[PDB]
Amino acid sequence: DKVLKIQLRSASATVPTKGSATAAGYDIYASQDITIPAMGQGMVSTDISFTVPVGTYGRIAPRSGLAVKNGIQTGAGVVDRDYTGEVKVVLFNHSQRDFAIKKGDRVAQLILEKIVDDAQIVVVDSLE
């Protein structure tokens, strides 16, 4: 009903952690150093895979401090429950300053967003 499975794909990967007991997400960590160019984008390696619980998808959502201080926003971010490859992190840098990331830094958070994933499509002439 709600188990979060992690595959650690190299020794460089870190298991996602909660920052508080009641935090929405799990911190996601870089497994390789990378720079996110100013007004640019990059893709951060994590060397992890996961299966989110039934009735969810995994949202790769931004860390607030990196937003406020470094101009960091996450891109992409919809991890399907069926998805089984390495979860990498798209970052946009909306600042004037390159953003240096080291192996071991928290770069994003994972939120298990509850969804309706079994809707019946009904095509209709008009809406209410």
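For every residue, the number given is its place in the sequence shown, counted from 1.
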So which stretch wins on mean C-alpha B-factor, 107-115 or 21-29?
21-29
Whose C-alpha has the highest temperature factor in the PDB entry: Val78, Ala61, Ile72, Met39?
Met39
Sorting the chain's CA B-factors, does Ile6 end up in the lowest, middle or highest third?
middle
Sorting by Cα B-factor within the chain, modelled residues only, which third would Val122 end up in: lowest, middle or highest?
middle
Sorting the chain's modelled residues by C-alpha B-factor, tell me whether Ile101 ends up in the lowest, middle or highest third.
middle
Taking the values exactly as deposited, rank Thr84 by C-alpha B-factor within its chain and report the matching third: lowest, middle or highest.
highest
Sorting the chain's modelled residues by C-alpha B-factor, tell me whether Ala67 ends up in the lowest, middle or highest third.
lowest
